[PDB]
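Readers should treat all values here as calculations from the given coordinates under stated rules, not as data from a laboratory. We place every Cβ from the backbone using ideal geometry, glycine too, and count neighbours over all the protein chains shown.
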Ligand SMILES: CSC[C@H]1O[C@H](O)[C@H](O)[C@@H]1O
Ligand SMILES: CSC[C@H]1O[C@H](O)[C@H](O)[C@@H]1O
Ligand SMILES: Nc1ncnc2[nH]cnc12
Ligand SMILES: Nc1ncnc2[nH]cnc12
């Protein structure tokens, strides 16, 4: 009864459903980001709409941490599926997060790793578990694994193949997860990514994203709502 | 007036950290902020770490806490403009991401949704920097600086930047992130960095050889600029 859960989403459509569910909501506007406070099923939450990309997410994650001091962070939104058994709508939960577009290999850093940072960032084990519990209880299809981020919308061709080559175990790709993980790592705050698949990152990813965002928002949202419930009670 | 200064590597901010008097260190979000005076001018120097997220994070803490009036981003860079040479100075007219790509939806290459395609550095700050470059007889170039989370070492990487930004004068890894954050906070900025390599196949070796040189030059520039900004 005194846990505050931070939730971060990039686009308005990706956070709109959850924003409308917040009881006693209030709006805080800062650094070009918006933070909704209130409760979601009796649980105190702080929902930030960050904007797209690594820097936007970092700026927002920093404002959320520094200002709302949430206990854990859940990054939601959509993603391009890379793992074979993923279909539009299915859930992906992060085990870990890595930048697919960071490269200081010229200095002997592991591909994806930035100097001063670990090669990848680990999601909180308990958060991952509660998320798997929800996945099982809602009976949805999900895959747990490495999620990779970059400042590009993958659309097949070279972009896609480079990622597949460098991160064969990557189960999905998007644009904010690793930045949020990087910031939480610095603030020593537990995180977990729970996203719904909107496309498969090929030549059709753009059209698929357009046709299925409502579906990904709904599916990811249901999971987040359920995860907050699960986390604060069980 | 308080001038905020951001640099990535310790080696890149240590000379400046040393001259700060009435010095205090604040440790937060895994970044260090050194507040005090640099030759009579109030400053806040942040060692951010390498890359866009590291810089965005550091910049946000700096702005949201020390509330500087302007931001000076320093450090080094890979020369792209034909006349640049190790030690030379590049000044930002503007900064753009060379690795952001959401063109699949119609944004300009390098542009992220919700942001202008590029971020303009402050005219006054640019003018002051040019006056210092002139007063110190330094060889410098002004123009577009492109940032990315990759160290450029010729080959395909360099080719991609030549192709999307034939006009870029230099490449590095934090500038646009800092510009982006200053944008959201309405804080003017300017980038002043020294060339440590020319981003070719030997950039790694050259970065290694001229580490110190870069640090000294960029530092000298920053001290002069701070001074000019605060006392004419
Ligand atoms: C419109 S670019 C794709 C967006 O959806 C996912 O959440 C990505 O991370 C990005 O925010
Ligand atoms: C060690 S990778 C190159 C570094 O020097 C420049 O300042 C870049 O921005 C990065 O911080
Ligand atoms: N294909 C893709 N690339 C990047 N971010 C995405 N988010 C959802 N689909 C994506
Ligand atoms: N070649 C290069 N690429 C990226 N950042 C740099 N900083 C200095 N040289 C660089």
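For the condition under 16 Å from the mean Cα position of the chain (by Cα) and within 10 Å of chain B (Cβ to nearest Cβ), what is the one hit in A:130, A:152, A:97? Reasoning before the result, please.
Values: A:130 fails: within 10 Å of chain B (Cβ to nearest Cβ); A:97 fails: within 10 Å of chain B (Cβ to nearest Cβ).
Exactly one residue qualifies, and that residue is A:152.
Considering every residue within the stretch A:42-50, establish whether at least one is farther than 14 Å from residue A:7 by Cβ and within 14 Å of chain B (Cβ to nearest Cβ). Walk me through how you get there before you give the answer.
We begin by selecting, within the stretch A:42-50, every residue farther than 14 Å from residue A:7 by Cβ; these are A:42.
When the remaining residues are screened for being within 14 Å of chain B (Cβ to nearest Cβ), the result is none.
Checked against the condition, which is being farther than 14 Å from residue A:7 by Cβ and within 14 Å of chain B (Cβ to nearest Cβ), the stretch A:42-50 yields no hits at all.
Could you list all residues from the stretch A:29-59 that are under 30 Å from residue B:187 (Cα atoms) and exposed (fewer than 15 other Cβ atoms within 10 Å of the Cβ)?
The answer is A:29, and nothing else.
Residue-by-condition table, conditions (1) under 18 Å from the mean Cα position of the chain (by Cα); (2) at the interface with chain A (Cβ under 9 Å from one of its Cβ atoms); (3) under 18 Å from residue B:222 (Cα atoms); (4) more than 10 Å from ligand 4 (Cβ to nearest atom):
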residue: B:137; (1), (2), (3), (4): no, no, yes, yes
residue: B:144; (1), (2), (3), (4): yes, no, no, yes
residue: B:166; (1), (2), (3), (4): no, no, no, yes
residue: B:190; (1), (2), (3), (4): yes, no, yes, yes
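Name the residue that is nearest to the chain's Cα centre (by Cα), counting only residues in the stretch A:103-123 that are crowded, with 18+ Cβ neighbours inside 10 Å and facing chain B (nearest Cβ under 7 Å).
A:114
Every residue, every condition in (1) in contact (Cβ under 8 Å) with a residue 60 or more places away in the chain; (2) closer than 18 Å to residue A:45 by Cβ, yes or no:
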{"position": "A:198", "(1), (2)": "yes, no"}
{"position": "A:202", "(1), (2)": "no, no"}
{"position": "A:205", "(1), (2)": "yes, no"}
{"position": "A:214", "(1), (2)": "yes, no"}
{"position": "A:219", "(1), (2)": "yes, no"}
{"position": "A:222", "(1), (2)": "yes, yes"}
{"position": "A:227", "(1), (2)": "yes, yes"}
{"position": "A:232", "(1), (2)": "yes, yes"}
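Could you please let me know if residue B:209 is buried (at least 24 other Cβ atoms within 10 Å of the Cβ) and within 14 Å of ligand 2 (Cβ to nearest atom)?
Working: buried (at least 24 other Cβ atoms within 10 Å of the Cβ): no; within 14 Å of ligand 2 (Cβ to nearest atom): yes.
The answer is no for residue B:209.
In the list B:7, B:29, B:36, which residue meets the criterion of being within 14 Å of chain A (Cβ to nearest Cβ), free of Cβ contacts under 8 Å to residues at least 60 places away in the same chain and away from ligand 1 (no atom under 16 Å from the Cβ)?
Values: B:7 fails: free of Cβ contacts under 8 Å to residues at least 60 places away in the same chain; B:36 fails: within 14 Å of chain A (Cβ to nearest Cβ).
Step by step, each of B:7, B:29, B:36 is checked, and only B:29 is within 14 Å of chain A (Cβ to nearest Cβ), free of Cβ contacts under 8 Å to residues at least 60 places away in the same chain and away from ligand 1 (no atom under 16 Å from the Cβ).
Looking at A:213, A:231, A:227, which is the one that is within 21 Å of residue A:160 (Cα to Cα) and more than 11 Å from chain B (Cβ to nearest Cβ)? Steps first, please.
Details: A:231 fails: within 21 Å of residue A:160 (Cα to Cα); A:227 fails: within 21 Å of residue A:160 (Cα to Cα).
From the options A:213, A:231, A:227, the qualifying one is A:213.
Of the residues B:31, B:66, which is over 16 Å from residue B:219 (Cβ atoms) and within 16 Å of ligand 2 (Cβ to nearest atom)?
Numbers: B:66 fails: within 16 Å of ligand 2 (Cβ to nearest atom).
The match here is B:31.
Given the criteria surrounded by 19 or more Cβ atoms within 10 Å (Cβ to Cβ), farther than 24 Å from residue B:136 by Cα and touching a helix residue (DSSP H, G or I) at 6+ places or on another chain (Cβ under 7 Å), does residue B:181 qualify?
Values: surrounded by 19 or more Cβ atoms within 10 Å (Cβ to Cβ): yes; farther than 24 Å from residue B:136 by Cα: yes; touching a helix residue (DSSP H, G or I) at 6+ places or on another chain (Cβ under 7 Å): yes.
So residue B:181 fits the description; yes.
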